[PDB]
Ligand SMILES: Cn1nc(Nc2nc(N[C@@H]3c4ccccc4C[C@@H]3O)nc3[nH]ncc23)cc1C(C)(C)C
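Quick setup: one chain, the form deposited without the named molecule, written in structure tokens, and binding and motion questions come after.
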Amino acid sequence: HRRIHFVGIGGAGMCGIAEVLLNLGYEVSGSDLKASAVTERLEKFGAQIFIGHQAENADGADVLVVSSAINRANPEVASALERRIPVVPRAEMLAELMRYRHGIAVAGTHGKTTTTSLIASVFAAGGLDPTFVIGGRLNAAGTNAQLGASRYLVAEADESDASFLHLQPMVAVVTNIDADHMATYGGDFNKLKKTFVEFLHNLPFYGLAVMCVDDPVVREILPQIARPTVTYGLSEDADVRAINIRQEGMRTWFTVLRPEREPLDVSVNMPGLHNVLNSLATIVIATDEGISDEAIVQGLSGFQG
């Protein structure tokens, strides 16, 4: 048993991480300047809450988690550093949660948010109530449960995030590879591409890499990936393909072709080929997980945008 202490536990990105850790059985304490409904919920769920910051609040903690909104002058942080207690940024602890669950990491420069939401929507339609991470915020749509209760954790994997390479997913998507975040990698696109290869090799040999081969950079690195892979796209050589794209209103329809399955007609309330591709990525993951066609259809059409 360990105690994790959160400095600023009421912050929007912190409260969700504390709740997941509570759900996993850890002792959780936290400090914040103001009591709120967020801190009362955490206390109801087993968190010890302190109001105001003082060195005593950090006593007994085996780890501190600190936001990007805390000075090092903060007495709790300073006490932990003096006693050699580890202090970890919010984002590393967030990435760490995937080690306890069946982690689905949605990587790619664009489309992570939509693809993660579609995945959550489909899993929920299949009765699975996943916890999912968008913009650093843990969520579980309509759940009557603590965050992290599901077996599944679906998270955006941002290549500009310092913890990108410490994610340990079971399944990983790569929607596309753009140059937006070259600065994270010394302004070198080739280094940025190599990071995506290393990220996919954090998968276990039984894992699954879900690769958009309509993106030329994803297609380029594909031969480098020594893990099971399923490819998707409109490309005629993709494993999972969309054909017969059409509109009926603000709703996009298309037919998805999958290995050893009959063609499946789906719709989504979102325009553009990039959202057809995001739907394909979702369909691959859901198919790999054994989710029925009926939940896939329901999950895709029910998502709004």
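In case it trips you up, residue 1 is the first one in the sequence shown, and so on.
A second form of this protein, the form solved in complex with the named molecule, is not displayed here; the remarks below concern that form.
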message: Residues 176, 212 and 277 are flagged as a possible site; in the deposited bound form, is every one of them within 4.5 Å of the named molecule by some non-hydrogen atom?
response: yes
query: in the deposited bound form, does residue 117 have a heavy atom within 4.5 Å of the named molecule?
result: no
Heavy atom of residue 207 within 4.5 Å of the named molecule in the deposited bound form: no
- request: Spell out, yes or no, whether the shortest heavy atom distance between residue 111 and the named molecule in the deposited bound form is within 4.5 Å.
  value: yes
- request: Sort through 90 to 98, 121 to 129, 156 to 164, 103 to 111 and report the only stretch with a non-hydrogen atom within 4.5 Å of the named molecule in the deposited bound form.
  value: 103 to 111
